[PDB]
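The structure appears below as structure tokens.
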Amino acid sequence: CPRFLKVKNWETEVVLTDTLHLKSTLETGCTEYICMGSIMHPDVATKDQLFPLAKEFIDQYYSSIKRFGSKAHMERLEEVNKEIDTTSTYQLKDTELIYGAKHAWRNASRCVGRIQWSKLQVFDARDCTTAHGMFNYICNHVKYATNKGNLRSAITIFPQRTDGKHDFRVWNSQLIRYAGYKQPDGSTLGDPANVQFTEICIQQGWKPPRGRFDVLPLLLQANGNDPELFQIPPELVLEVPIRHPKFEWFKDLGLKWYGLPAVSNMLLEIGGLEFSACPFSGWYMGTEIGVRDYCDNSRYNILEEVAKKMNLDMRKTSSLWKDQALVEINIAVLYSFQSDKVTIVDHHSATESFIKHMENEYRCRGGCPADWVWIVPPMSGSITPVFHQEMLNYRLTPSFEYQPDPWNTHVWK
Amino acid sequence: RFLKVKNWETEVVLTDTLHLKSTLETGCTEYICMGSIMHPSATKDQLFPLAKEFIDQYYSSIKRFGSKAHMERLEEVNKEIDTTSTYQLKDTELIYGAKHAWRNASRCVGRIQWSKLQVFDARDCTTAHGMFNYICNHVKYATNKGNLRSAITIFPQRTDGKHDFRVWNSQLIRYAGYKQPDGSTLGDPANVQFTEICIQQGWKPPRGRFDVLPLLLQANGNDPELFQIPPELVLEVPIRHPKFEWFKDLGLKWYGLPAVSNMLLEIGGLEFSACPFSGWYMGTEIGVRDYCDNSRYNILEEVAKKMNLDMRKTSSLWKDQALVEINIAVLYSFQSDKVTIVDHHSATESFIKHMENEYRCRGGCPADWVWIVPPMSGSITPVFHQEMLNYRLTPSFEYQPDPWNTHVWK
Ligand code: HEM
Ligand code: HEM
Ligand SMILES: Cc1cc(N)nc2cc(-c3cncc(CN)c3)ccc12
Ligand SMILES: Cc1cc(N)nc2cc(-c3cncc(CN)c3)ccc12
Ligand SMILES: C[C@H](O)[C@H](O)[C@H]1CNc2nc(N)[nH]c(=O)c2N1
Ligand SMILES: C[C@H](O)[C@H](O)[C@H]1CNc2nc(N)[nH]c(=O)c2N1
Ligand SMILES: [Zn+2]
């Protein structure tokens, strides 16, 4: 590969130069002859495999704290090596763990919120041994991160993977999500996105209230054991009823959402170590709720009902009734969150921050991996500054990765 | 290897095999994806294999592969490259190559229409006057009094690179843009340079907001010459709004015919440096990009002011409101004047249908999600949820440099 790669902004003319891509680690799935950039997703490491992955990471850490080549550096190297040699694995120092998590966020190509990356509260939970303990750590995470509506980004890191027969897993895709109930007639009550997991919970013994906005239980797996159900204390689940500053009838739709977005099904990879349970949280960009959660056909799909109350012509598409309802819904979502002093960012403020962020990164770091297909908002794309920004996409480590759903791989005891 | 694309809304999966047939490069590598880069970056000896590939594809298309006709065509083309360092397409070939350059345009959402293309052979052209004649005929035909018709006009192929044919306008019909002494811009800011270049060539600028630019035409590598498109051939629409009486008072208008004129058509190794093609508009092209881009007409603030919207915080989403309204007026206006147009909902529907057609009968369809997904209300259109595979098939449309950056004058 050539040393320098240039990206252009087509509305400001600014040109950046990327050299960081030279540290890329994994294959993107793209080739010389095909681009998989809109594909959503394009047994443990051996001693030999782990050795250089650990060294790669350790060198990077010591270079970050400006101690590269130092005695402490060479010693840490030697200690990691012995520990891999005799135990087939190694343990991170607290400093390294914090660094690793922060940088995995810093490296998340698909995240528009990464200007905040270095303000992340890390909760070390590698001493956890049971599902009840996981429940304890998750409740503390939720309470701290929620902070009465003044949200704070956090990650809780459970023990790494060992032989793969003892994984810690949060079976929920997010710590907080609403149930979906398939009806005998084909309709879905609540959130259709969560139907599969809800059925799992019910089989596992969950008594469902069978409502439209029932918070799902946590389904938690420690040390490779069968998962166990716990109810999140309702007082820890901050929620916002959705109203509209102009449309008084909007409240009569009975919509609400939860304040804390906390993805819990991803895998954190640091120096070749695999943390299969690492729930992390920030705060919402309005569109994640207002456009996706609410207006996706396979989600709450309320465009129709909202358009009706707006008395729009719904017989032509060229009326753009859908487009018109979408904006109002998103206005209500931002309005309700701000009114209740719960942290939320609109897609304009977010994409502008991110452009500023990306610029700083290119200048101080020599680059910033970004996935345009994900970075650009799902509404009003071209009137946000990221639309016109060229991005390069590539995989740096430490990183967050997808993993299979645990019910597909789990060996039931 | 076969490749699967999934639609996450319908859960439908299609299997791509056609991608095995490309040879050109996309710009990505295994380690870096450049899917969001706008522009990633002959001889006798190079020419024949390219020719052989295209001839083979053609006779395969008409189910006469390995036929007598096929065999001789191939030798005819080899002898001609041998003895002239180039060759000339048959008319049938020219037509087949042009339709398939459109079929292979990964960034074009309108490709369901692809085999409905009127192909104008202008390869006998020699002067800028001829070009102008050919272009007026195109414009008049494709406009069709509002019932627009897809068309392309193909001027002589590149020979030695010293004698290119070029349409220096980026589109046949665009409005002028003027640098105002106080720093602002009158008209269309995307065209300020080209406008100054016309003024420098002797064009007398009305210095208004919607001045149709002259044709600047280059033939056989000569200096370019100015021509005024007869006004009655230029179909335009005054933009008004079905609810907002005051929208007409903004004085806004646009042209009915989108006719891109600065790209390059490549067929079997031949380069057609001048090949204006036109179709009809998707609403958002005018209503989102042309009017609301900051480096364009930048009219969002004006419209939102008449709507009496709170413009003090971004989170009131006033920009998003004005945007939808502008795009309503645009669709309304065209349809009222019976000028062909398509809204991004219907267009994206059509395209998902096209993909299904193309996977079924052709084993795939190249597509650029970055460009295919509309610049407003993305995820409430079906293409947002459609995985797409991009790859470059030939015959094709490519980009070329602006001719003023290369041309040595007189
Ligand atoms: C603090 C405010 C944050 C904002 C505004 C934000 C914004 C976003 C948005 C809009 C997405 C796309 C989500 C979707 O379309 O479903 C996203 C994805 C993502 N974010 Fe951030 N995020 C924030 C915090 C964080 C934190 C704290 C982390 C990790 C430490 C993180 C890591 C990620 C990752 C890994 C993805 C990709 C998820 C996937 O592919 O499924 N984000 N973010
Ligand atoms: C018939 C109705 C058509 C519609 C509704 C349509 C729609 C579009 C749109 C919205 C774009 C994106 C352009 C942009 O955002 O700047 C595009 C791109 C493109 N179209 Fe189509 N188009 C049509 C016909 C055609 C025809 C007739 C041709 C050629 C014979 C064509 C070839 C292309 C090419 C080569 C691009 C890529 C332009 C670039 O890369 O800059 N299209 N089309
Ligand atoms: C940290 C964080 C913050 C934030 N505002 N949104 C997120 C959204 C996701 C996310 C990714 N894929 C799917 C979903 C569920 N539709 C959510 C993950 C993490 C997020
Ligand atoms: C055939 C055709 C039809 C249509 N409706 N729009 C087009 C738009 C373009 C196009 C592509 N890139 C840049 C521009 C100028 N902003 C225009 C090219 C051809 C088009
Ligand atoms: C940087 C980015 O590639 C650029 O803004 C692209 C994004 N997608 C686009 N899509 C379309 N249809 N037209 C465009 O001009 C662009 N611009
Ligand atoms: C097909 C496509 O990759 C898929 O629909 C993606 C597109 N971009 C996205 N962007 C974000 N932020 N979130 C998403 O879920 C998606 N979905
Ligand atoms: Zn790619």
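Ligands are numbered from 1 in the order shown, residues from 1 within each chain, and chains are lettered A, B, ... in the order they appear in the structure tokens.
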> Would you name the residues within 9 Å of ligand 7, counting only C-alpha atoms and all ligand atoms, and put them as a PyMOL selection string?
Replying inline: (chain A and resi 28-32+34-38+393) or (chain B and resi 26-30+32-36+390)
> Which residues, written as an MDAnalysis selection string, have at least one atom at most 7 Å from residue 7 of chain A, with only C-alpha atoms counted and residues fewer than 6 positions away on the same chain left out?
Replying inline: chainID A and resid 15:17 390:391
>> As a quick test: using only C-alpha atoms and all ligand atoms, which residues lie no more than 10 Å away from ligand 5? Give them as a VMD selection string.
In response: (chain A and resid 7 to 11 372 to 373 376 381 to 382 385 to 391) or (chain B and resid 34 to 39 107 to 109 284 to 285 289 368 to 375)
Residues as selected, N, CA and C atoms, written as an mmCIF file, in the first residue's frame, can you do that?
data_model
loop_
_atom_site.group_PDB
_atom_site.id
_atom_site.type_symbol
_atom_site.label_atom_id
_atom_site.label_comp_id
_atom_site.auth_asym_id
_atom_site.auth_seq_id
_atom_site.Cartn_x
_atom_site.Cartn_y
_atom_site.Cartn_z
ATOM 1 N N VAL A 7 -8.326 12.055 1.809
ATOM 2 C CA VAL A 7 -9.777 12.183 1.765
ATOM 3 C C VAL A 7 -10.124 13.639 1.557
ATOM 4 N N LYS A 8 -11.274 13.884 0.943
ATOM 5 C CA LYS A 8 -11.699 15.237 0.642
ATOM 6 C C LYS A 8 -13.071 15.536 1.237
ATOM 7 N N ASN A 9 -13.276 16.768 1.697
ATOM 8 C CA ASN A 9 -14.627 17.228 1.976
ATOM 9 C C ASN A 9 -15.152 18.046 0.784
ATOM 10 N N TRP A 10 -16.272 17.604 0.213
ATOM 11 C CA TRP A 10 -16.753 18.156 -1.047
ATOM 12 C C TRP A 10 -17.576 19.423 -0.888
ATOM 13 N N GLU A 11 -17.825 19.831 0.350
ATOM 14 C CA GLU A 11 -18.475 21.113 0.554
ATOM 15 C C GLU A 11 -17.530 22.166 1.155
ATOM 16 N N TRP A 372 -19.005 5.388 6.478
ATOM 17 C CA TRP A 372 -19.940 6.400 6.010
ATOM 18 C C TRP A 372 -21.390 5.888 6.005
ATOM 19 N N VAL A 373 -21.570 4.611 5.659
ATOM 20 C CA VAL A 373 -22.897 4.004 5.584
ATOM 21 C C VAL A 373 -23.596 4.033 6.944
ATOM 22 N N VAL A 376 -23.513 8.458 8.542
ATOM 23 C CA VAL A 376 -24.559 9.356 8.048
ATOM 24 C C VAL A 376 -25.920 8.958 8.607
ATOM 25 N N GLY A 381 -29.893 13.175 5.486
ATOM 26 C CA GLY A 381 -28.481 12.874 5.362
ATOM 27 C C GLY A 381 -27.604 13.965 4.790
ATOM 28 N N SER A 382 -27.996 14.494 3.631
ATOM 29 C CA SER A 382 -27.141 15.410 2.908
ATOM 30 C C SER A 382 -27.098 16.808 3.505
ATOM 31 N N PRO A 385 -23.114 17.505 7.871
ATOM 32 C CA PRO A 385 -21.799 17.660 7.228
ATOM 33 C C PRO A 385 -21.049 16.353 6.946
ATOM 34 N N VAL A 386 -21.465 15.211 7.492
ATOM 35 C CA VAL A 386 -20.730 13.968 7.214
ATOM 36 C C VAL A 386 -21.043 13.392 5.832
ATOM 37 N N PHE A 387 -22.233 13.692 5.321
ATOM 38 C CA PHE A 387 -22.637 13.255 3.975
ATOM 39 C C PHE A 387 -21.604 13.603 2.917
ATOM 40 N N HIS A 388 -21.061 14.814 3.005
ATOM 41 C CA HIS A 388 -20.153 15.324 1.974
ATOM 42 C C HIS A 388 -18.704 15.014 2.263
ATOM 43 N N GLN A 389 -18.470 14.361 3.401
ATOM 44 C CA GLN A 389 -17.127 14.035 3.839
ATOM 45 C C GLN A 389 -16.688 12.681 3.328
ATOM 46 N N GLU A 390 -15.544 12.632 2.668
ATOM 47 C CA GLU A 390 -14.990 11.339 2.317
ATOM 48 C C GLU A 390 -14.390 10.705 3.564
ATOM 49 N N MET A 391 -14.594 9.408 3.706
ATOM 50 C CA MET A 391 -14.074 8.668 4.841
ATOM 51 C C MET A 391 -13.311 7.485 4.306
ATOM 52 N N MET B 34 -12.677 1.959 0.510
ATOM 53 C CA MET B 34 -12.836 3.323 0.016
ATOM 54 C C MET B 34 -14.201 3.543 -0.631
ATOM 55 N N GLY B 35 -15.216 2.846 -0.118
ATOM 56 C CA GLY B 35 -16.578 2.960 -0.616
ATOM 57 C C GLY B 35 -17.209 4.347 -0.592
ATOM 58 N N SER B 36 -16.605 5.285 0.134
ATOM 59 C CA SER B 36 -17.157 6.635 0.247
ATOM 60 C C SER B 36 -16.292 7.670 -0.486
ATOM 61 N N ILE B 37 -15.303 7.199 -1.243
ATOM 62 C CA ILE B 37 -14.442 8.102 -2.012
ATOM 63 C C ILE B 37 -15.111 8.375 -3.365
ATOM 64 N N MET B 38 -15.216 9.643 -3.759
ATOM 65 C CA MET B 38 -15.970 9.948 -4.982
ATOM 66 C C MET B 38 -15.216 9.528 -6.246
ATOM 67 N N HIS B 39 -13.914 9.803 -6.285
ATOM 68 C CA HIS B 39 -13.087 9.408 -7.428
ATOM 69 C C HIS B 39 -11.863 8.630 -6.966
ATOM 70 N N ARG B 107 -23.982 3.526 -9.505
ATOM 71 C CA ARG B 107 -24.509 4.659 -8.740
ATOM 72 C C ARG B 107 -25.885 5.143 -9.152
ATOM 73 N N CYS B 108 -26.493 4.486 -10.144
ATOM 74 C CA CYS B 108 -27.762 4.970 -10.698
ATOM 75 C C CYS B 108 -28.953 4.152 -10.233
ATOM 76 N N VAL B 109 -29.862 4.847 -9.567
ATOM 77 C CA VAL B 109 -31.040 4.236 -8.999
ATOM 78 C C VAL B 109 -32.128 4.014 -10.041
ATOM 79 N N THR B 284 -35.449 14.640 -5.304
ATOM 80 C CA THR B 284 -34.430 15.061 -4.345
ATOM 81 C C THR B 284 -33.193 15.657 -4.996
ATOM 82 N N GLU B 285 -33.033 15.432 -6.303
ATOM 83 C CA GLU B 285 -31.825 15.897 -6.971
ATOM 84 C C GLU B 285 -31.855 17.400 -6.995
ATOM 85 N N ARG B 289 -30.384 18.500 -2.941
ATOM 86 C CA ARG B 289 -29.001 18.828 -3.270
ATOM 87 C C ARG B 289 -28.872 20.195 -3.960
ATOM 88 N N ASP B 368 -24.088 0.897 -5.624
ATOM 89 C CA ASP B 368 -23.307 1.719 -4.707
ATOM 90 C C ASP B 368 -24.271 2.299 -3.685
ATOM 91 N N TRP B 369 -24.344 1.639 -2.529
ATOM 92 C CA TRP B 369 -25.271 2.019 -1.469
ATOM 93 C C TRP B 369 -25.118 3.502 -1.128
ATOM 94 N N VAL B 370 -23.873 3.981 -1.097
ATOM 95 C CA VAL B 370 -23.605 5.380 -0.771
ATOM 96 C C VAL B 370 -24.372 6.325 -1.704
ATOM 97 N N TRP B 371 -24.438 5.985 -2.990
ATOM 98 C CA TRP B 371 -25.115 6.859 -3.941
ATOM 99 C C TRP B 371 -26.583 6.464 -4.134
ATOM 100 N N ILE B 372 -26.907 5.175 -3.985
ATOM 101 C CA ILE B 372 -28.272 4.699 -4.266
ATOM 102 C C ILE B 372 -29.275 5.231 -3.242
ATOM 103 N N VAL B 373 -28.866 5.270 -1.974
ATOM 104 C CA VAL B 373 -29.739 5.745 -0.909
ATOM 105 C C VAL B 373 -29.947 7.250 -0.973
ATOM 106 N N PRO B 374 -31.216 7.674 -1.034
ATOM 107 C CA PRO B 374 -31.579 9.086 -1.230
ATOM 108 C C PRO B 374 -31.009 9.990 -0.111
ATOM 109 N N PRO B 375 -30.734 11.275 -0.421
ATOM 110 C CA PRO B 375 -30.113 12.259 0.473
ATOM 111 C C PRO B 375 -31.088 12.829 1.502
#
> Of the residues B:223, B:1, B:78, B:11, which is the one nearest to ligand 6, using only C-alpha atoms and all ligand atoms?
Replying inline: B:11
> So which residues are near ligand 3, meaning at most 10 Å away with only C-alpha atoms and all ligand atoms counted, given back as a VMD selection string?
Replying inline: chain A and resid 105 110 to 114 153 to 155 173 to 174 177 193 to 194 259 to 266 279 to 289 292 to 293 299 344 to 345 374 402
> Please, which residues have at least one atom within 7 Å of an atom of ligand 4, using only C-alpha atoms and all ligand atoms, listed as a PyMOL selection string?
Replying inline: chain B and resi 258-260+277-282
If you take only C-alpha atoms and all ligand atoms and a cut-off of 12 Å, which residues of chain B touch ligand 1, and what are their nearest atom pairs and distances in Å to one decimal, in chain and number order, as CSV?
residue,atom,partner,partner_atom_place_in_ligand_line,distance
B:379,CA,ligand 1,15 (O),10.6
B:384,CA,ligand 1,15 (O),11.9
B:385,CA,ligand 1,15 (O),11.8
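Going from atom CA of residue 244 of chain A to atom CA of residue 191 of chain A covers 21.7 Å.
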> Taking only C-alpha atoms and all ligand atoms into account, which of B:290, B:387, B:93, B:320 comes nearest ligand 6?
Replying inline: B:387
>> Applying 10 Å and only C-alpha atoms, which residues near residue 146 of chain B remain after dropping the ones on its own chain fewer than 3 positions away? List them as a ChimeraX atom specification.
In response: /B:142-143,149,235-236,256-257,280,334-335,337-341
> If you run DSSP on the backbone, which residues of segment 69-241 of chain B are alpha helix (DSSP H), as a ChimeraX atom specification?
Replying inline: /B:69-84,91-103,128-143,192-200
> Counting only C-alpha atoms, what is within 7 Å of segment 45-48 of chain B, bar same-chain residues fewer than 2 positions away, as a ChimeraX atom specification?
Replying inline: /B:42-43,50-52,78,81,269
Those residues you just picked out, can you put them in a file as a PDB file, in the first residue's frame with N, CA and C atoms?
ATOM      1  N   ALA B  42      -4.810   4.509 -25.601  1.00  0.00           N
ATOM      2  CA  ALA B  42      -4.415   3.124 -25.356  1.00  0.00           C
ATOM      3  C   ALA B  42      -3.237   2.728 -26.238  1.00  0.00           C
ATOM      4  N   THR B  43      -3.233   1.465 -26.666  1.00  0.00           N
ATOM      5  CA  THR B  43      -2.301   0.956 -27.676  1.00  0.00           C
ATOM      6  C   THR B  43      -2.960  -0.206 -28.422  1.00  0.00           C
ATOM      7  N   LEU B  50      -9.518  -6.305 -25.105  1.00  0.00           N
ATOM      8  CA  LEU B  50     -10.684  -5.546 -24.674  1.00  0.00           C
ATOM      9  C   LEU B  50     -11.797  -5.635 -25.701  1.00  0.00           C
ATOM     10  N   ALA B  51     -11.419  -5.557 -26.973  1.00  0.00           N
ATOM     11  CA  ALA B  51     -12.371  -5.672 -28.057  1.00  0.00           C
ATOM     12  C   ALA B  51     -12.959  -7.078 -28.088  1.00  0.00           C
ATOM     13  N   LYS B  52     -12.086  -8.077 -28.017  1.00  0.00           N
ATOM     14  CA  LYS B  52     -12.512  -9.470 -28.034  1.00  0.00           C
ATOM     15  C   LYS B  52     -13.491  -9.766 -26.901  1.00  0.00           C
ATOM     16  N   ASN B  78      -9.750  -7.545 -35.402  1.00  0.00           N
ATOM     17  CA  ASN B  78      -8.318  -7.763 -35.249  1.00  0.00           C
ATOM     18  C   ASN B  78      -7.523  -7.133 -36.399  1.00  0.00           C
ATOM     19  N   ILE B  81      -7.650  -3.226 -35.958  1.00  0.00           N
ATOM     20  CA  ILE B  81      -6.708  -2.760 -34.940  1.00  0.00           C
ATOM     21  C   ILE B  81      -5.288  -2.861 -35.483  1.00  0.00           C
ATOM     22  N   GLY B 269     -12.874  -1.034 -25.159  1.00  0.00           N
ATOM     23  CA  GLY B 269     -11.582  -0.378 -25.229  1.00  0.00           C
ATOM     24  C   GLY B 269     -11.580   0.935 -25.980  1.00  0.00           C
TER      25      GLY B 269
END
>> as a PyMOL selection string, please: the residues near residue 238 of chain A (cut-off 10 Å, only C-alpha atoms, same-chain neighbours under 6 positions excluded).
In response: chain A and resi 142-143+146-149+176+257-260+342
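Using only C-alpha atoms for every distance, the candidate list A:115, A:65, A:90, A:171 yields A:115 as the residue closest to residue 355 of chain A.
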> Taking into account only C-alpha atoms and all ligand atoms, which residue in the set A:42, A:192, A:2, A:180 is nearest to ligand 6?
Replying inline: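 When distances to ligand 6 are compared using only C-alpha atoms and all ligand atoms, the smallest one comes from A:42.
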>> Ranking A:88, A:33, A:69, A:198 by minimum distance to chain B and counting only C-alpha atoms, which one comes first?
In response: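 Selected residue with least distance to chain B: A:33.
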> What separation in Å, quoted to one decimal, exists between atom CA of residue 178 of chain A and atom CA of residue 234 of chain A?
Replying inline: 12.8 Å
>> Report, in Å to a single decimal, how far apart atom CA of residue 110 of chain B and atom CA of residue 350 of chain B are.
In response: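 Atom CA of residue 110 of chain B lies 7.8 Å from atom CA of residue 350 of chain B.
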